[PDB]
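*Asks:* Attaching a single structure in structure tokens format; questions to follow.
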There are 2 protein chains.
Amino acid sequence: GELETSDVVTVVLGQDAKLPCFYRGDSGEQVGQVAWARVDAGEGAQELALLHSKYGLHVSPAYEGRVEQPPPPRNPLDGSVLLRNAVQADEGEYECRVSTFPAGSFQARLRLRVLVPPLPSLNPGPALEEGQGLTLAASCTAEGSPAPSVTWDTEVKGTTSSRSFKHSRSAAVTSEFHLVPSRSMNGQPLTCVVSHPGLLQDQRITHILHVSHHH
Amino acid sequence: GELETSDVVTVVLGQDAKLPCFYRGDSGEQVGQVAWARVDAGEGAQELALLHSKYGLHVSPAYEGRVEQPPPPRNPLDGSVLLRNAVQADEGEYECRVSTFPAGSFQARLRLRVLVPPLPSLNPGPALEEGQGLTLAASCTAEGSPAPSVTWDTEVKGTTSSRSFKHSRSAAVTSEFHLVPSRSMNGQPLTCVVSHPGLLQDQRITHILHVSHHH
């Protein structure tokens, strides 16, 4: 008669997170009350909600109006809750404590993973003239968690370098195309293609290159 | 509508400890379930018992047959328990968590103090002869928690020194009487009088001094 729960739950930003906690008990045992706390290492523990065999769900003031029980019918032995509109601030571990009879109490943890897709930018390099050698065409910047994958799709010949800075809860990566300007390159599209887990369609933003004759 | 509890409970060894936890709620609020854990700093937390609005008291396997609810009638809002036969191993702090509606949950701590009275010994010094100068009459040793207070009650003239070693959970104190032997001191009682908080009658054990003539 043990305690079923997920190992790590994954949502994309803005989706509702369903936190699993179902005590798969046999014919002679009931649950008394299920408490959901947030394992906060050093930031105390942040109580989400507790739900009681009789008196229902009491959602905590912090998550007031954010937590609710899954639509019925629900097994009376199930203490799962839904965290509405998941946000980056919710990443981390969560304790599901349950008190059962005649078994005793149990607890299970789970880690919640919030994917945040990027909102990329492209920024053109200097005015490109048919004269000069290797220079900046454009650079393309995407921050998200996990770190997005930024590449270039184009016809023209060129070299890239990139950088990838880990920030507190995400990672910004930037890439940049380099090329020797050629008038043959004018009006030709250079497009930046970013990919992310939280993105079912890879994002693509396009720059139309310009080059002028040596003057 | 707050949560009444004692600040620190005190029992003498072998007595039953009553741990107070009574939610003095007003007309619109009930308790769902009350959990008693032991605040164990680094030794996890040792769950005592939890008692549920419907399903009763579930006492934890560690304290199996040691914990029970106070004789009825008991206010249904009261979660107090009795720890039967208090022992030194029980000294420390205890968390009383309660889950209330529509209030929310509360918790209160208390520190349990177990007084252990001493079982003193007296050990005679060397054979005391009318000849010698300052020497050992006897020494008297008492260990308890808190540290007992050992003194001497007698007719004869003498000096004492004592030592007092703190041990892990108690303190042993020893005292010793000193005197210049005199035949006038033979058959005369030297008695060691120890006092303790956990002792309503001060303990007294008596030694009958001997001294023999220079030979």
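Here, residue 1 is simply the first one shown, and the rest follow in order.
Header entry for method reads X-ray crystallography, 3.5 Å.
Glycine too: its Cβ is placed from the backbone N, Cα and C atoms.
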*Asks:* A:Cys96, A:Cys192: which one closes the disulfide with A:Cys140 in Swiss-Prot?
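*Replies:* Among A:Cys96, A:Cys192, the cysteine that Swiss-Prot links to A:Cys140 by a disulfide bond is A:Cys192.
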*Asks:* Please list, in sequence order, the residues in the chain of A:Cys140 (disulfide bond) that are at least six apart in sequence and whose C-beta is under 8 Å away from its C-beta.
*Replies:* A:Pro120, A:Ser121, A:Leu122, A:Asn123, A:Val150, A:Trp152, A:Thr174, A:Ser175, A:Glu176, A:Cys192, A:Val194, A:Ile205
*Asks:* Once near-sequence residues are set aside, which residues in the chain of A:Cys21 (disulfide bond), 6 or more away, have Cβ atoms under 8 Å from its Cβ?
*Replies:* A:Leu3, A:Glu4, A:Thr5, A:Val34, A:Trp36, A:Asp78, A:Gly79, A:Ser80, A:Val81, A:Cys96, A:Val98, A:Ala108
*Asks:* Would you count the other C-beta atoms found within 10 angstroms of the C-beta of A:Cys192 (disulfide bond) for me?
*Replies:* 26
